[PDB]
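Coordinates as given in protein_11.tsv (TSV, N, CA and C atoms and all ligand atoms):
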chain	number	residue	atom	x	y	z
A	1	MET	N	23.93	-47.02	15.97
A	1	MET	CA	22.88	-46.40	16.82
A	1	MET	C	23.35	-45.07	17.41
A	2	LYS	N	24.07	-44.29	16.60
A	2	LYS	CA	24.58	-43.00	17.04
A	2	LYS	C	23.47	-41.95	17.06
A	3	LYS	N	23.35	-41.25	18.18
A	3	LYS	CA	22.33	-40.21	18.32
A	3	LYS	C	22.97	-38.88	18.69
A	4	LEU	N	22.73	-37.87	17.86
A	4	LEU	CA	23.29	-36.54	18.09
A	4	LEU	C	22.20	-35.55	18.49
A	5	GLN	N	22.39	-34.90	19.63
A	5	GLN	CA	21.42	-33.94	20.13
A	5	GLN	C	21.88	-32.51	19.88
A	6	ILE	N	20.91	-31.63	19.72
A	6	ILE	CA	21.17	-30.22	19.48
A	6	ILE	C	20.15	-29.37	20.23
A	7	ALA	N	20.64	-28.36	20.94
A	7	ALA	CA	19.76	-27.47	21.69
A	7	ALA	C	20.01	-26.04	21.27
A	8	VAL	N	18.96	-25.36	20.84
A	8	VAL	CA	19.09	-23.98	20.39
A	8	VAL	C	18.09	-23.06	21.09
A	9	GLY	N	18.44	-21.78	21.11
A	9	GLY	CA	17.59	-20.79	21.72
A	9	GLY	C	17.73	-19.45	21.02
A	10	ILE	N	16.64	-18.96	20.45
A	10	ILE	CA	16.66	-17.68	19.75
A	10	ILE	C	16.82	-16.56	20.77
A	11	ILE	N	18.00	-15.94	20.78
A	11	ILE	CA	18.28	-14.86	21.72
A	11	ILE	C	17.49	-13.60	21.38
A	12	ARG	N	16.79	-13.07	22.38
A	12	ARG	CA	15.99	-11.87	22.19
A	12	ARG	C	16.79	-10.62	22.53
A	13	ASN	N	16.82	-9.69	21.57
A	13	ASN	CA	17.55	-8.43	21.71
A	13	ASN	C	16.71	-7.35	22.37
A	14	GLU	N	17.28	-6.16	22.37
A	14	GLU	CA	16.66	-4.97	22.95
A	14	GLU	C	15.58	-4.39	22.03
A	15	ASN	N	15.41	-4.98	20.85
A	15	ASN	CA	14.41	-4.49	19.90
A	15	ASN	C	13.59	-5.64	19.33
A	16	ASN	N	13.08	-6.50	20.21
A	16	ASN	CA	12.27	-7.65	19.81
A	16	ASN	C	12.89	-8.38	18.62
A	17	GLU	N	14.21	-8.31	18.52
A	17	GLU	CA	14.94	-8.96	17.44
A	17	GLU	C	15.89	-10.01	18.00
A	18	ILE	N	16.14	-11.07	17.24
A	18	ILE	CA	17.03	-12.13	17.70
A	18	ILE	C	18.21	-12.31	16.76
A	19	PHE	N	19.35	-12.67	17.34
A	19	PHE	CA	20.57	-12.89	16.57
A	19	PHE	C	20.74	-14.37	16.24
A	20	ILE	N	20.71	-14.69	14.95
A	20	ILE	CA	20.87	-16.07	14.50
A	20	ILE	C	22.23	-16.25	13.83
A	21	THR	N	22.66	-17.50	13.70
A	21	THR	CA	23.94	-17.79	13.08
A	21	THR	C	23.75	-18.23	11.63
A	22	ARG	N	24.38	-17.51	10.71
A	22	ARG	CA	24.28	-17.84	9.29
A	22	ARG	C	25.58	-18.46	8.82
A	23	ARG	N	25.53	-19.18	7.71
A	23	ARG	CA	26.74	-19.80	7.17
A	23	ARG	C	27.68	-18.73	6.63
A	24	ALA	N	28.11	-17.85	7.53
A	24	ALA	CA	29.01	-16.75	7.19
A	24	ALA	C	28.53	-15.99	5.95
A	25	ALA	N	28.94	-16.45	4.77
A	25	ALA	CA	28.54	-15.80	3.53
A	25	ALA	C	28.88	-16.68	2.32
A	26	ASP	N	27.95	-17.57	1.97
A	26	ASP	CA	28.15	-18.46	0.84
A	26	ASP	C	29.39	-19.32	1.02
A	27	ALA	N	29.76	-20.06	-0.02
A	27	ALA	CA	30.93	-20.92	0.02
A	27	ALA	C	30.81	-21.95	1.14
A	28	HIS	N	29.58	-22.27	1.53
A	28	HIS	CA	29.33	-23.24	2.59
A	28	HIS	C	27.83	-23.39	2.85
A	29	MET	N	27.05	-23.37	1.77
A	29	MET	CA	25.60	-23.51	1.88
A	29	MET	C	25.01	-22.34	2.67
A	30	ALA	N	24.77	-21.23	1.98
A	30	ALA	CA	24.21	-20.04	2.62
A	30	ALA	C	22.76	-20.26	3.04
A	31	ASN	N	22.17	-21.38	2.62
A	31	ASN	CA	20.78	-21.68	2.96
A	31	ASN	C	20.69	-22.50	4.25
A	32	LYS	N	21.71	-22.41	5.10
A	32	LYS	CA	21.72	-23.14	6.37
A	32	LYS	C	21.68	-22.19	7.56
A	33	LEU	N	21.13	-21.01	7.34
A	33	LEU	CA	21.01	-20.01	8.39
A	33	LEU	C	20.31	-20.59	9.61
A	34	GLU	N	21.10	-21.07	10.57
A	34	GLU	CA	20.55	-21.67	11.78
A	34	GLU	C	20.82	-20.81	13.01
A	35	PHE	N	20.61	-21.40	14.19
A	35	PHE	CA	20.82	-20.70	15.45
A	35	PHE	C	21.88	-21.40	16.31
A	36	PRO	N	22.42	-20.68	17.31
A	36	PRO	CA	23.43	-21.22	18.24
A	36	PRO	C	22.88	-22.37	19.07
A	37	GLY	N	23.77	-23.09	19.77
A	37	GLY	CA	23.33	-24.21	20.58
A	37	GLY	C	23.57	-25.56	19.95
A	38	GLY	N	24.83	-25.82	19.68
A	38	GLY	CA	25.25	-27.08	19.09
A	38	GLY	C	26.25	-27.81	19.97
A	39	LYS	N	26.09	-29.14	20.09
A	39	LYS	CA	26.97	-29.98	20.90
A	39	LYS	C	26.45	-30.16	22.32
A	40	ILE	N	25.25	-29.66	22.59
A	40	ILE	CA	24.67	-29.80	23.93
A	40	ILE	C	24.60	-31.26	24.33
A	41	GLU	N	24.52	-32.11	23.33
A	41	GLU	CA	24.44	-33.55	23.52
A	41	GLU	C	25.44	-34.01	24.58
A	42	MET	N	26.68	-34.24	24.15
A	42	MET	CA	27.74	-34.69	25.06
A	42	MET	C	27.22	-35.67	26.10
A	43	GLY	N	26.68	-35.14	27.19
A	43	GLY	CA	26.14	-35.98	28.25
A	43	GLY	C	25.42	-35.19	29.31
A	44	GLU	N	24.79	-34.10	28.89
A	44	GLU	CA	24.06	-33.24	29.81
A	44	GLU	C	22.60	-33.68	29.94
A	45	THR	N	21.81	-32.90	30.68
A	45	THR	CA	20.40	-33.22	30.88
A	45	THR	C	19.53	-32.37	29.96
A	46	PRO	N	18.32	-32.85	29.63
A	46	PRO	CA	17.39	-32.13	28.76
A	46	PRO	C	17.30	-30.64	29.10
A	47	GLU	N	17.60	-30.30	30.36
A	47	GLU	CA	17.54	-28.92	30.81
A	47	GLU	C	18.93	-28.29	30.93
A	48	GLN	N	19.88	-29.05	31.47
A	48	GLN	CA	21.24	-28.54	31.65
A	48	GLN	C	22.03	-28.57	30.35
A	49	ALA	N	21.58	-29.36	29.39
A	49	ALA	CA	22.26	-29.47	28.10
A	49	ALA	C	22.35	-28.12	27.41
A	50	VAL	N	21.24	-27.40	27.37
A	50	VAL	CA	21.21	-26.09	26.73
A	50	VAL	C	21.82	-25.03	27.65
A	51	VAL	N	21.41	-25.06	28.92
A	51	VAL	CA	21.89	-24.10	29.90
A	51	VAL	C	23.41	-24.06	29.96
A	52	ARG	N	24.04	-25.22	29.81
A	52	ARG	CA	25.49	-25.30	29.85
A	52	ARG	C	26.10	-24.80	28.55
A	53	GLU	N	25.63	-25.36	27.44
A	53	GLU	CA	26.13	-24.96	26.13
A	53	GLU	C	25.78	-23.51	25.83
A	54	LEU	N	24.75	-22.99	26.50
A	54	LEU	CA	24.34	-21.61	26.29
A	54	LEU	C	25.50	-20.65	26.51
A	55	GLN	N	26.26	-20.88	27.57
A	55	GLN	CA	27.42	-20.06	27.86
A	55	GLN	C	28.46	-20.25	26.77
A	56	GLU	N	28.45	-21.44	26.17
A	56	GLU	CA	29.37	-21.77	25.11
A	56	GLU	C	28.95	-21.13	23.79
A	57	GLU	N	27.66	-20.85	23.64
A	57	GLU	CA	27.16	-20.25	22.41
A	57	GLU	C	26.76	-18.79	22.60
A	58	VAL	N	26.93	-18.27	23.81
A	58	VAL	CA	26.60	-16.88	24.10
A	58	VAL	C	27.72	-16.25	24.90
A	59	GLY	N	28.21	-16.99	25.90
A	59	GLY	CA	29.29	-16.51	26.74
A	59	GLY	C	28.90	-15.36	27.65
A	60	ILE	N	28.01	-14.52	27.16
A	60	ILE	CA	27.55	-13.37	27.92
A	60	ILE	C	26.54	-13.78	28.97
A	61	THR	N	25.98	-12.79	29.67
A	61	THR	CA	25.00	-13.03	30.70
A	61	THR	C	23.65	-12.47	30.28
A	62	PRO	N	22.83	-13.27	29.59
A	62	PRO	CA	21.54	-12.85	29.09
A	62	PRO	C	20.36	-13.48	29.81
A	63	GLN	N	19.27	-12.72	29.96
A	63	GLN	CA	18.08	-13.28	30.56
A	63	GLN	C	17.47	-14.17	29.49
A	64	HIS	N	18.04	-15.36	29.38
A	64	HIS	CA	17.65	-16.32	28.36
A	64	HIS	C	17.18	-17.62	28.98
A	65	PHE	N	16.09	-18.16	28.44
A	65	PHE	CA	15.53	-19.40	28.94
A	65	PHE	C	14.27	-19.77	28.14
A	66	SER	N	13.29	-20.36	28.82
A	66	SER	CA	12.02	-20.75	28.22
A	66	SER	C	12.21	-21.69	27.04
A	67	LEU	N	11.15	-22.44	26.74
A	67	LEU	CA	11.15	-23.38	25.63
A	67	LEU	C	10.04	-23.02	24.64
A	68	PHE	N	10.43	-22.51	23.48
A	68	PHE	CA	9.46	-22.13	22.46
A	68	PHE	C	8.91	-23.36	21.75
A	69	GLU	N	9.80	-24.30	21.44
A	69	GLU	CA	9.41	-25.53	20.77
A	69	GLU	C	10.56	-26.52	20.73
A	70	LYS	N	10.24	-27.79	20.52
A	70	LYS	CA	11.26	-28.83	20.46
A	70	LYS	C	10.89	-29.88	19.42
A	71	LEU	N	11.85	-30.22	18.56
A	71	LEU	CA	11.62	-31.21	17.51
A	71	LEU	C	12.61	-32.36	17.62
A	72	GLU	N	12.12	-33.58	17.45
A	72	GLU	CA	12.95	-34.76	17.53
A	72	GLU	C	12.80	-35.61	16.26
A	73	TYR	N	13.84	-35.63	15.44
A	73	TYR	CA	13.82	-36.40	14.20
A	73	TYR	C	15.05	-37.31	14.12
A	74	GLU	N	14.92	-38.41	13.39
A	74	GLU	CA	16.03	-39.35	13.25
A	74	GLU	C	16.42	-39.53	11.78
A	75	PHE	N	17.71	-39.46	11.52
A	75	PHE	CA	18.24	-39.63	10.18
A	75	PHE	C	18.72	-41.06	9.98
A	76	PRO	N	18.92	-41.49	8.72
A	76	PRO	CA	19.37	-42.84	8.39
A	76	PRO	C	20.56	-43.29	9.25
A	77	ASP	N	20.25	-43.72	10.47
A	77	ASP	CA	21.26	-44.19	11.43
A	77	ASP	C	21.86	-43.03	12.23
A	78	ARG	N	21.24	-41.86	12.14
A	78	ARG	CA	21.72	-40.69	12.87
A	78	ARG	C	20.56	-39.91	13.50
A	79	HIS	N	20.30	-40.16	14.77
A	79	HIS	CA	19.22	-39.49	15.48
A	79	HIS	C	19.60	-38.04	15.81
A	80	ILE	N	19.01	-37.10	15.08
A	80	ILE	CA	19.29	-35.69	15.30
A	80	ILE	C	18.17	-35.02	16.09
A	81	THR	N	18.50	-34.54	17.28
A	81	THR	CA	17.53	-33.87	18.14
A	81	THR	C	17.72	-32.36	18.10
A	82	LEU	N	16.62	-31.63	17.93
A	82	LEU	CA	16.68	-30.17	17.87
A	82	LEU	C	15.72	-29.54	18.88
A	83	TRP	N	16.27	-28.85	19.87
A	83	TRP	CA	15.46	-28.19	20.89
A	83	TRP	C	15.45	-26.68	20.67
A	84	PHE	N	14.27	-26.09	20.53
A	84	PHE	CA	14.16	-24.64	20.31
A	84	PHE	C	13.67	-23.94	21.58
A	85	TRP	N	14.56	-23.18	22.22
A	85	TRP	CA	14.24	-22.46	23.45
A	85	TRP	C	13.88	-21.00	23.17
A	86	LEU	N	13.00	-20.42	24.00
A	86	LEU	CA	12.58	-19.04	23.80
A	86	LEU	C	13.33	-18.07	24.73
A	87	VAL	N	14.30	-17.37	24.16
A	87	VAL	CA	15.11	-16.40	24.88
A	87	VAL	C	14.42	-15.06	24.94
A	88	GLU	N	14.61	-14.33	26.04
A	88	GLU	CA	13.94	-13.04	26.16
A	88	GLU	C	14.89	-11.83	26.16
A	89	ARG	N	16.14	-11.99	26.58
A	89	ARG	CA	17.06	-10.85	26.61
A	89	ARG	C	18.51	-11.30	26.71
A	90	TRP	N	19.43	-10.41	26.33
A	90	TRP	CA	20.85	-10.71	26.40
A	90	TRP	C	21.68	-9.44	26.59
A	91	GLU	N	22.52	-9.43	27.62
A	91	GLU	CA	23.35	-8.28	27.92
A	91	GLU	C	24.51	-8.17	26.93
A	92	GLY	N	24.90	-6.94	26.61
A	92	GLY	CA	25.99	-6.72	25.68
A	92	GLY	C	25.75	-7.39	24.34
A	93	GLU	N	26.63	-8.31	23.97
A	93	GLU	CA	26.50	-9.02	22.70
A	93	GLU	C	26.75	-10.52	22.89
A	94	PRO	N	26.05	-11.37	22.13
A	94	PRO	CA	26.20	-12.82	22.21
A	94	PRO	C	27.47	-13.28	21.52
A	95	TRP	N	28.28	-14.07	22.21
A	95	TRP	CA	29.52	-14.55	21.62
A	95	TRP	C	29.70	-16.05	21.77
A	96	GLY	N	29.81	-16.50	23.00
A	96	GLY	CA	30.01	-17.92	23.26
A	96	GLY	C	31.11	-18.52	22.41
A	97	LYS	N	30.73	-19.32	21.41
A	97	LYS	CA	31.68	-19.98	20.51
A	97	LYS	C	30.99	-21.11	19.74
A	98	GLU	N	30.05	-20.75	18.87
A	98	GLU	CA	29.33	-21.74	18.08
A	98	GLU	C	30.09	-22.08	16.80
A	99	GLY	N	30.73	-21.08	16.21
A	99	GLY	CA	31.49	-21.30	14.99
A	99	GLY	C	31.02	-20.47	13.81
A	100	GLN	N	29.91	-19.76	13.98
A	100	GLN	CA	29.37	-18.94	12.90
A	100	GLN	C	28.84	-17.61	13.43
A	101	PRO	N	29.66	-16.55	13.34
A	101	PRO	CA	29.29	-15.21	13.80
A	101	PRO	C	27.87	-14.82	13.37
A	102	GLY	N	27.19	-14.06	14.22
A	102	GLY	CA	25.83	-13.63	13.91
A	102	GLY	C	25.59	-12.16	14.18
A	103	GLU	N	24.39	-11.70	13.86
A	103	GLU	CA	24.01	-10.30	14.07
A	103	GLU	C	22.57	-10.21	14.56
A	104	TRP	N	22.23	-9.11	15.22
A	104	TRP	CA	20.87	-8.93	15.74
A	104	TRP	C	19.89	-8.71	14.58
A	105	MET	N	19.09	-9.73	14.29
A	105	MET	CA	18.10	-9.65	13.21
A	105	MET	C	16.69	-9.85	13.75
A	106	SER	N	15.70	-9.48	12.95
A	106	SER	CA	14.30	-9.62	13.33
A	106	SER	C	13.76	-10.99	12.93
A	107	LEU	N	13.16	-11.69	13.88
A	107	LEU	CA	12.59	-13.01	13.62
A	107	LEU	C	11.24	-12.90	12.92
A	108	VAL	N	10.62	-11.73	13.01
A	108	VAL	CA	9.32	-11.49	12.39
A	108	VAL	C	9.31	-11.96	10.93
A	109	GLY	N	10.49	-12.00	10.32
A	109	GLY	CA	10.59	-12.43	8.94
A	109	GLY	C	11.48	-13.64	8.75
A	110	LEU	N	11.40	-14.59	9.68
A	110	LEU	CA	12.20	-15.80	9.59
A	110	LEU	C	11.83	-16.59	8.33
A	111	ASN	N	12.82	-17.15	7.66
A	111	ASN	CA	12.57	-17.89	6.43
A	111	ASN	C	13.08	-19.33	6.48
A	112	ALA	N	12.23	-20.24	6.02
A	112	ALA	CA	12.57	-21.65	5.97
A	112	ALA	C	13.59	-21.91	4.85
A	113	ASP	N	13.73	-20.93	3.95
A	113	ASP	CA	14.66	-21.05	2.83
A	113	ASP	C	16.10	-20.77	3.27
A	114	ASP	N	16.30	-19.66	3.98
A	114	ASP	CA	17.64	-19.27	4.44
A	114	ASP	C	18.17	-20.26	5.47
A	115	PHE	N	17.29	-20.77	6.31
A	115	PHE	CA	17.67	-21.72	7.34
A	115	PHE	C	17.74	-23.14	6.76
A	116	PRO	N	18.23	-24.12	7.54
A	116	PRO	CA	18.32	-25.51	7.08
A	116	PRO	C	16.94	-26.17	7.01
A	117	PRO	N	16.59	-26.77	5.86
A	117	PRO	CA	15.28	-27.42	5.68
A	117	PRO	C	15.04	-28.57	6.66
A	118	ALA	N	16.10	-29.03	7.32
A	118	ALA	CA	15.99	-30.13	8.27
A	118	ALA	C	15.17	-29.75	9.51
A	119	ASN	N	14.84	-28.47	9.65
A	119	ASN	CA	14.08	-28.01	10.81
A	119	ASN	C	12.89	-27.14	10.40
A	120	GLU	N	12.19	-27.55	9.34
A	120	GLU	CA	11.04	-26.79	8.85
A	120	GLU	C	9.82	-26.95	9.76
A	121	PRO	N	9.46	-28.19	10.11
A	121	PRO	CA	8.30	-28.46	10.98
A	121	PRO	C	8.25	-27.53	12.19
A	122	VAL	N	9.43	-27.17	12.70
A	122	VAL	CA	9.52	-26.28	13.85
A	122	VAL	C	9.28	-24.84	13.43
A	123	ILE	N	9.96	-24.43	12.36
A	123	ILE	CA	9.82	-23.08	11.85
A	123	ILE	C	8.42	-22.86	11.29
A	124	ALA	N	7.83	-23.91	10.75
A	124	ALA	CA	6.48	-23.82	10.19
A	124	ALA	C	5.51	-23.26	11.22
A	125	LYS	N	5.82	-23.47	12.50
A	125	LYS	CA	4.97	-22.99	13.58
A	125	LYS	C	5.19	-21.50	13.86
A	126	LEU	N	6.44	-21.11	14.08
A	126	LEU	CA	6.77	-19.72	14.37
A	126	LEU	C	6.78	-18.87	13.11
A	127	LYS	N	7.10	-19.49	11.98
A	127	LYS	CA	7.15	-18.79	10.70
A	127	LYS	C	5.83	-18.10	10.42
A	128	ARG	N	4.74	-18.81	10.70
A	128	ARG	CA	3.41	-18.26	10.51
A	128	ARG	C	3.20	-17.08	11.46
A	129	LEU	N	4.12	-16.94	12.42
A	129	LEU	CA	4.04	-15.86	13.40
A	129	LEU	C	2.69	-15.84	14.10
A	201	LIG	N1	24.59	-32.27	7.16
A	201	LIG	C1	25.52	-31.73	7.97
A	201	LIG	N2	25.26	-31.66	9.34
A	201	LIG	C2	26.30	-31.07	10.11
A	201	LIG	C3	27.48	-30.60	9.56
A	201	LIG	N3	28.23	-30.11	10.59
A	201	LIG	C4	27.59	-30.24	11.79
A	201	LIG	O1	28.01	-29.89	12.94
A	201	LIG	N4	26.40	-30.84	11.47
A	201	LIG	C5	25.39	-31.16	12.51
A	201	LIG	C6	25.86	-32.02	13.69
A	201	LIG	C7	25.36	-31.39	14.99
A	201	LIG	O2	24.54	-32.30	15.73
A	201	LIG	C8	24.59	-30.13	14.61
A	201	LIG	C9	25.13	-28.86	15.27
A	201	LIG	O3	26.49	-28.60	14.90
A	201	LIG	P1	27.70	-29.40	15.61
A	201	LIG	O4	27.89	-30.70	14.93
A	201	LIG	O5	28.97	-28.47	15.27
A	201	LIG	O6	27.48	-29.38	17.08
A	201	LIG	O7	24.55	-30.21	13.18
A	201	LIG	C10	27.63	-30.71	8.22
A	201	LIG	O8	28.72	-30.28	7.69
A	201	LIG	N5	26.67	-31.27	7.39
A	202	MG	MG	28.90	-25.76	20.91
Structure encoded using structure tokens:
Amino acid sequence: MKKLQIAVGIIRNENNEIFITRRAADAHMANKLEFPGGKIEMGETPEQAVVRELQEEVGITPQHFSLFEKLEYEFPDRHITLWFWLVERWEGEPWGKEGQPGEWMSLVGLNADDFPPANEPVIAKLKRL
């Protein structure tokens, strides 16, 4: 009955663009282009879980918050929770420590192909823009 939670937030840049985390560059499933905010589970609260890990996945001081969308799905004995928060701004550059360096990209062209298919229902909403 293991349940793993995940909280993410698309950081908004100075040009209506957000920085997402990609699987570096191939050699590790390049089609898993996801976003920061992993390990929020631990033992935090639905609200403090992201807010705390946020510093861990951004480290900087960004005007980040809001909830764009949230998806809750369960895998064969593995409950995977994915929370999508709506970020509005970020000072300097996002660093934190997620494990996959990112760059300021435009979400206007987000793709369900580049990202992990495990979170399509969520992207299906924003993808349509
Ligand atoms: N299918 C799959 N899921 C993974 C891998 N690594 C990994 O972290 N995950 C999962 C578990 C987490 O709940 C979520 C976010 O990353 P973390 O495990 O690093 O926090 O995605 C992996 O190699 N394969
Ligand atoms: Mg983390």
Neighbours of ligand LIG 201 (chain A) within 6.5 Å, counting only N, CA and C atoms and all ligand atoms, as a compact mmCIF listing (two decimals) with N, CA and C atoms, in the frame of the given file?
# COMPACT_ATOMS: atom_id res chain seq x y z
N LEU A 4 22.73 -37.87 17.86
CA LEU A 4 23.29 -36.54 18.09
C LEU A 4 22.20 -35.55 18.49
N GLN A 5 22.39 -34.90 19.63
CA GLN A 5 21.42 -33.94 20.13
C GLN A 5 21.88 -32.51 19.88
N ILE A 6 20.91 -31.63 19.72
CA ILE A 6 21.17 -30.22 19.48
C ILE A 6 20.15 -29.37 20.23
N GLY A 37 23.77 -23.09 19.77
CA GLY A 37 23.33 -24.21 20.58
C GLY A 37 23.57 -25.56 19.95
N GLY A 38 24.83 -25.82 19.68
CA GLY A 38 25.25 -27.08 19.09
C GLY A 38 26.25 -27.81 19.97
N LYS A 39 26.09 -29.14 20.09
CA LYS A 39 26.97 -29.98 20.90
C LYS A 39 26.45 -30.16 22.32
N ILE A 40 25.25 -29.66 22.59
CA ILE A 40 24.67 -29.80 23.93
C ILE A 40 24.60 -31.26 24.33
N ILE A 80 19.01 -37.10 15.08
CA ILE A 80 19.29 -35.69 15.30
C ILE A 80 18.17 -35.02 16.09
Exercise for the section: In Å, rounded to a single decimal, give me how far atom N of residue 105 of chain A is from atom CA of residue 44 of chain A. Expected result: 28.6 Å
Exercise for the section: Enumerate as a list in words all residues of chain A assigned to helix (DSSP H, G or I) by DSSP on the backbone, naming them with the chain letters and numbers the document uses. Expected result: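 The helix (DSSP H, G or I) residues within chain A come out as residues 48, 49, 50, 51, 52, 53, 54, 55, 56, 57, 107, 108, 109, 117, 118, 119, 120, 121, 122, 123, 124, 125, 126 and 127 of chain A.
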Handout entry: Gap from atom C of residue 30 of chain A to atom N of residue 63 of chain A - Å, one decimal
Key =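 Rounded to one decimal, the two atoms are 28.2 Å apart.
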Handout entry: Which residue of A:43, A:36, A:102, A:76 approaches ligand MG 202 (chain A) most closely, using all atoms listed in the file
Key =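 Of A:43, A:36, A:102, A:76, the one nearest ligand MG 202 (chain A), counting all atoms listed in the file, is A:36.
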For the structure just given, write the atoms of segment 82-105 of chain A, namely C-alpha atoms, as a short mmCIF file (atom, residue, chain, number, x, y, z; two decimals), in the first residue's frame.
data_model
loop_
_atom_site.label_atom_id
_atom_site.label_comp_id
_atom_site.auth_asym_id
_atom_site.auth_seq_id
_atom_site.Cartn_x
_atom_site.Cartn_y
_atom_site.Cartn_z
CA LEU A 82 0.72 14.74 -9.23
CA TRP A 83 -0.09 18.32 -8.22
CA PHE A 84 0.26 21.06 -10.85
CA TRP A 85 0.69 24.56 -9.38
CA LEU A 86 0.50 27.83 -11.35
CA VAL A 87 3.66 29.90 -10.86
CA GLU A 88 3.74 33.53 -11.88
CA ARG A 89 7.35 34.75 -11.47
CA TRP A 90 10.87 33.83 -10.35
CA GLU A 91 13.85 36.00 -9.42
CA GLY A 92 17.21 35.27 -11.02
CA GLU A 93 17.24 31.64 -12.10
CA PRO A 94 15.53 28.47 -10.76
CA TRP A 95 17.94 25.98 -9.21
CA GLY A 96 16.76 24.19 -6.09
CA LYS A 97 17.89 20.59 -6.70
CA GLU A 98 15.46 18.38 -8.62
CA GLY A 99 18.09 16.41 -10.53
CA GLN A 100 17.46 17.55 -14.10
CA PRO A 101 18.73 20.99 -15.22
CA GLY A 102 16.22 23.11 -17.13
CA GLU A 103 15.88 26.24 -19.26
CA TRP A 104 13.32 29.02 -19.72
CA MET A 105 10.94 27.67 -22.37
#
